[PDB]
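A.B. asks: Structure file model_26.tsv, TSV, C-alpha atoms (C1' of nucleotides) and all ligand atoms, is pasted below:
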```tsv
chain	number	residue	atom	x	y	z
O	1	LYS	CA	20.82	52.27	-12.91
O	2	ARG	CA	17.28	50.71	-12.51
O	3	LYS	CA	13.80	50.40	-14.26
O	4	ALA	CA	11.29	53.32	-14.10
O	5	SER	CA	11.24	55.79	-17.08
O	6	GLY	CA	8.59	57.55	-19.25
O	7	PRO	CA	6.78	60.88	-20.08
O	8	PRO	CA	6.61	64.73	-19.38
O	9	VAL	CA	2.80	64.27	-18.83
O	10	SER	CA	0.40	67.01	-20.51
O	11	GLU	CA	-0.14	68.71	-24.05
O	12	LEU	CA	3.62	69.06	-24.46
O	13	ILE	CA	3.35	65.19	-24.18
O	14	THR	CA	-0.01	64.46	-25.90
O	15	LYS	CA	1.77	66.16	-28.84
O	16	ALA	CA	5.14	64.42	-27.97
O	17	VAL	CA	3.89	60.74	-27.46
O	18	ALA	CA	1.57	60.99	-30.51
O	19	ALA	CA	4.78	62.08	-32.33
O	20	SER	CA	7.09	59.73	-30.33
O	21	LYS	CA	5.03	56.83	-31.71
O	22	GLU	CA	6.78	56.52	-35.13
O	23	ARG	CA	3.35	56.23	-36.94
O	24	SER	CA	-0.44	57.01	-36.41
O	25	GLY	CA	-2.69	55.23	-33.82
O	26	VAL	CA	-5.96	54.86	-31.82
O	27	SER	CA	-7.78	55.71	-28.51
O	28	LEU	CA	-7.27	56.80	-24.88
O	29	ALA	CA	-5.72	53.29	-24.31
O	30	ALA	CA	-2.59	53.88	-26.49
O	31	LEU	CA	-1.78	57.38	-25.13
O	32	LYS	CA	-2.38	56.76	-21.36
O	33	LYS	CA	-0.17	53.65	-20.92
O	34	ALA	CA	2.72	55.49	-22.71
O	35	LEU	CA	2.02	58.33	-20.19
O	36	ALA	CA	1.75	56.01	-17.09
O	37	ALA	CA	4.54	53.45	-17.89
O	38	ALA	CA	6.98	54.85	-15.24
O	39	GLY	CA	4.99	53.48	-12.25
O	40	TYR	CA	2.18	56.03	-11.57
O	41	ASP	CA	-0.72	53.57	-12.00
O	42	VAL	CA	-3.89	55.42	-13.10
O	43	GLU	CA	-6.35	56.53	-10.30
O	44	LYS	CA	-8.16	59.94	-10.68
O	45	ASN	CA	-6.14	61.18	-13.66
O	46	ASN	CA	-8.70	59.01	-15.69
O	47	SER	CA	-11.02	62.08	-16.18
O	48	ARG	CA	-7.96	64.35	-16.67
O	49	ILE	CA	-6.45	62.38	-19.60
O	50	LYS	CA	-10.01	62.00	-20.97
O	51	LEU	CA	-10.64	65.79	-21.09
O	52	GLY	CA	-7.57	66.48	-23.36
O	53	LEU	CA	-9.51	65.63	-26.61
O	54	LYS	CA	-11.75	68.76	-27.05
O	55	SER	CA	-8.78	70.77	-25.60
O	56	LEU	CA	-6.57	69.60	-28.52
O	57	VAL	CA	-8.93	70.59	-31.48
O	58	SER	CA	-10.17	73.82	-29.70
O	59	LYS	CA	-6.46	74.88	-29.19
O	60	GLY	CA	-5.54	73.16	-32.58
O	61	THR	CA	-2.93	70.50	-31.50
O	62	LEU	CA	-3.99	67.05	-32.86
O	63	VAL	CA	-6.44	66.45	-35.73
O	64	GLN	CA	-8.31	63.17	-35.13
O	65	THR	CA	-8.32	60.87	-38.26
O	66	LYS	CA	-10.64	58.17	-36.72
O	67	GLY	CA	-12.83	57.85	-33.58
O	68	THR	CA	-16.31	58.74	-32.26
O	69	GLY	CA	-17.31	58.21	-28.56
O	70	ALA	CA	-14.14	58.97	-26.54
O	71	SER	CA	-12.08	57.30	-29.27
O	72	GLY	CA	-9.64	59.37	-31.33
O	73	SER	CA	-6.98	58.24	-33.82
O	74	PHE	CA	-4.85	61.36	-33.55
O	75	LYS	CA	-2.56	62.77	-36.22
O	76	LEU	CA	0.21	65.33	-36.49
O	77	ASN	CA	2.21	66.14	-39.71
O	78	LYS	CA	2.73	63.28	-42.23
Z	1	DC	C1'	-13.60	96.48	-19.47
Z	2	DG	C1'	-11.50	101.17	-18.03
Z	3	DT	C1'	-10.90	105.78	-19.17
Z	4	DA	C1'	-9.35	108.90	-22.76
Z	5	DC	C1'	-11.59	112.13	-25.10
Z	6	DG	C1'	-15.69	115.27	-26.44
Z	7	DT	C1'	-19.05	118.42	-24.94
Z	8	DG	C1'	-20.69	122.19	-22.63
Z	9	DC	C1'	-20.50	125.55	-19.20
Z	10	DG	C1'	-18.46	129.85	-16.62
Z	11	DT	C1'	-13.86	132.51	-16.17
Z	12	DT	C1'	-9.69	134.51	-17.95
Z	13	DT	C1'	-6.70	136.18	-21.43
Z	14	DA	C1'	-4.59	138.49	-25.12
Z	15	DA	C1'	-5.56	138.89	-30.22
Z	16	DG	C1'	-7.27	142.01	-32.98
Z	17	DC	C1'	-8.25	146.44	-34.11
Z	18	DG	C1'	-7.32	151.22	-35.10
Z	19	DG	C1'	-4.19	154.97	-34.49
Z	20	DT	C1'	0.09	157.48	-33.90
Z	21	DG	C1'	5.24	158.24	-34.07
Z	22	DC	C1'	9.99	156.85	-35.31
Z	23	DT	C1'	13.53	155.60	-38.47
Z	24	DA	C1'	16.07	151.23	-40.28
Z	25	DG	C1'	17.02	149.96	-44.34
Z	26	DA	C1'	15.02	148.83	-48.96
Z	27	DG	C1'	15.85	150.29	-53.16
Z	28	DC	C1'	16.78	153.82	-56.52
Z	29	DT	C1'	20.42	156.74	-59.48
Z	30	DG	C1'	24.74	157.99	-61.19
Z	31	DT	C1'	29.99	157.10	-61.90
Z	32	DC	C1'	33.75	154.47	-62.76
Z	33	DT	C1'	37.00	150.33	-63.65
Z	34	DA	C1'	38.05	145.59	-62.34
Z	35	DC	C1'	36.76	141.73	-64.41
Z	36	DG	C1'	35.24	138.43	-67.77
Z	37	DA	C1'	34.12	137.80	-72.74
Z	38	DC	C1'	36.45	137.25	-76.87
Z	39	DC	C1'	40.45	136.32	-79.78
Z	40	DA	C1'	44.43	133.80	-81.89
Z	41	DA	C1'	48.44	130.97	-81.25
Z	42	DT	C1'	50.43	127.45	-78.50
Z	43	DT	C1'	50.88	122.66	-76.45
Z	44	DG	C1'	49.97	119.26	-73.03
Z	45	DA	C1'	46.25	116.85	-70.59
Z	46	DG	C1'	43.17	113.36	-71.43
Z	47	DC	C1'	41.21	110.82	-75.06
Z	48	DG	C1'	40.77	105.95	-77.56
Z	49	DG	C1'	43.17	102.09	-78.25
Z	50	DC	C1'	45.66	98.12	-76.78
Z	51	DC	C1'	47.96	94.68	-73.94
Z	52	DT	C1'	48.66	91.91	-69.20
Z	53	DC	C1'	48.13	89.60	-65.17
Z	54	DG	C1'	46.03	89.45	-60.36
Z	55	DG	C1'	41.43	90.02	-58.21
Z	56	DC	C1'	37.59	87.81	-57.80
Z	57	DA	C1'	33.87	84.65	-59.30
Z	58	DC	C1'	32.97	80.06	-58.93
Z	59	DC	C1'	33.83	75.59	-57.24
Z	60	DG	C1'	34.25	71.66	-53.73
Z	61	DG	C1'	34.69	70.17	-49.20
Z	62	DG	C1'	35.00	70.95	-44.49
Z	63	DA	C1'	33.59	73.58	-39.94
Z	64	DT	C1'	30.04	76.04	-37.86
Z	65	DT	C1'	25.60	77.82	-37.06
Z	66	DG	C1'	20.82	77.67	-36.02
Z	67	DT	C1'	16.33	75.50	-35.90
Z	68	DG	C1'	12.98	72.08	-34.21
Z	69	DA	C1'	11.26	67.89	-32.16
Z	70	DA	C1'	11.57	65.00	-28.30
Z	71	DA	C1'	12.86	63.80	-23.87
Z	72	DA	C1'	14.16	65.01	-19.56
Z	73	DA	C1'	13.90	68.00	-15.61
Z	74	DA	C1'	12.62	72.17	-12.66
Z	75	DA	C1'	8.51	74.70	-11.27
Z	76	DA	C1'	4.24	76.26	-10.66
Z	77	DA	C1'	-2.03	75.15	-10.51
Z	78	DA	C1'	-5.14	71.13	-8.93
Z	79	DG	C1'	-6.07	68.04	-5.49
Z	80	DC	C1'	-6.16	66.68	-0.28
Z	81	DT	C1'	-4.29	66.53	5.49
Z	82	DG	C1'	-4.99	66.57	10.00
Z	83	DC	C1'	-4.14	71.15	13.48
Z	84	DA	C1'	-5.63	74.55	15.81
Y	101	CA	CA	23.15	151.11	-63.11
Y	102	CA	CA	42.23	103.83	-70.68
```
Would you encode the structure as C-alpha cells?
Ligand SMILES: [Ca+2]
Ligand SMILES: [Ca+2]
C.D. replies:
Amino acid sequence: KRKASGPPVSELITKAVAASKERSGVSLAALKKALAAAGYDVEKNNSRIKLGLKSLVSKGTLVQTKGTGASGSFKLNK
DNA sequence: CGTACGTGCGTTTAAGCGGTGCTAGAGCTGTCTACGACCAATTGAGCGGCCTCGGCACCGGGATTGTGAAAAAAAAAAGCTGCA
C-alpha cells in the first residue's frame, strides 16, 4: 500500500500511453516520463525510446500529426 | 530459399495385333390369355366456403454474451559480471 506505479513499457505501451492520455500530444518528453514514472530513472533506454518513431509508421501504429527532428505529436483514432 | 517437378536417357513390360475356337445369351418368331382399356351407373372423398381461437409475431425490459482498449503481470531478447 505504497507509491510506485506506471507502464507496461514498449509498443503495446507507446500505443497504450498515447491512448491513455485522454487527448493528443507532443514529443519524446511526454511519452517517456509516463513510461518512467514508477522509479526507473532514464539511463541507456534514451536511445531505445528514441528509436520507436520510425518503428511505429513502418509497422503502422501511430500517425504523427506534428513534429520534425525527433519531435512527433502522435495520433490514434479520433 | 529449398526442392518438386520436367526432361532425357537406358531397361522392362504388356498392349496391341491378328488369328483361332467355343458357346453364352441376345434377340427373333409364334401362341395364347391375363390384364388393362373402356363403359355406364353409383356414391363418397375431397373440394370451396366459412367460422374460431391459439400460435406466433412483435413489443419492452431485463440477463447474458462477446468484443476491445487499457492496465497489470508473467516471460522471454538485449544488455552486462566477474570466474575459471
Ligand atoms: Ca409378337
Ligand atoms: Ca379447408
A.B. asks: Hey, which bits of chain Z sit within 9 Å of chain O, and for each residue what's the closest pair of atoms and how far apart in Å (one decimal), counting all atoms listed in the file, rows by chain and increasing number, as a tab-separated table?
C.D. replies:
```
residue	atom	partner	partner_atom	distance
Z:69	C1'	O:16	CA	8.2
Z:70	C1'	O:16	CA	6.5
Z:71	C1'	O:7	CA	7.7
Z:72	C1'	O:8	CA	7.6
Z:73	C1'	O:8	CA	8.8
```
A.B. asks: Go ahead and write the selection's residues with C-alpha atoms (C1' of nucleotides) as a short mmCIF file (atom, residue, chain, number, x, y, z; two decimals), in the frame of the given file.
C.D. replies:
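Generated output (result35.cif):
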```cif
data_model
loop_
_atom_site.label_atom_id
_atom_site.label_comp_id
_atom_site.auth_asym_id
_atom_site.auth_seq_id
_atom_site.Cartn_x
_atom_site.Cartn_y
_atom_site.Cartn_z
"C1'" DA Z 69 11.26 67.89 -32.16
"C1'" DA Z 70 11.57 65.00 -28.30
"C1'" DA Z 71 12.86 63.80 -23.87
"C1'" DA Z 72 14.16 65.01 -19.56
"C1'" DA Z 73 13.90 68.00 -15.61
#
```
A.B. asks: All residues within 9 Å of ligand CA 102 (chain Y) are required, counting only C-alpha atoms (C1' of nucleotides) and all ligand atoms; please report them as an NGL selection string.
C.D. replies: :Z and (47-49)
A.B. asks: Suppose you want the space between atom CA of residue 9 of chain O and atom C1' of residue 79 of chain Z; what is it in Å?
C.D. replies: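 Value for the atom CA of residue 9 of chain O-atom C1' of residue 79 of chain Z distance: 16.5 Å.
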A.B. asks: Taking only C-alpha atoms (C1' of nucleotides) and all ligand atoms and a cut-off of 12 Å, can you tell me which residues surround ligand CA 101 (chain Y), written as a PyMOL selection string?
C.D. replies: chain Z and resi 28-32
A.B. asks: In Å, rounded to a single decimal, give me how far atom CA of residue 72 of chain O is from atom CA of residue 53 of chain O.
C.D. replies: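 Pair atom CA of residue 53 of chain O / atom CA of residue 72 of chain O returns 7.8 Å.
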A.B. asks: May I have the residues within 12 Å of residue 68 of chain O as a list in words, using all atoms listed in the file and disregarding those fewer than 5 positions away in the same chain?
C.D. replies: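 The neighbour list is residues 26, 27, 28, 53, 73 and 74 of chain O.
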A.B. asks: Suppose you want the space between atom CA of residue 35 of chain O and atom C1' of residue 67 of chain Z; what is it in Å?
C.D. replies: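 Distance between the two atoms: 27.3 Å.
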A.B. asks: For residue 69 of chain O, which of O:2, O:25, O:11, O:50 is the closest residue, counting only C-alpha atoms?
C.D. replies: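 Closest residue, counting only C-alpha atoms: O:50.
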A.B. asks: Padding 5 Å on every side, please: axis-aligned box over the listed atoms of segment 34-49 of chain O, centre and edge lengths to one decimal in Å, as JSON.
C.D. replies:
```
{"center_x": -2.0, "center_y": 58.9, "center_z": -16.5, "size_x": 28.0, "size_y": 20.9, "size_z": 22.4}
```
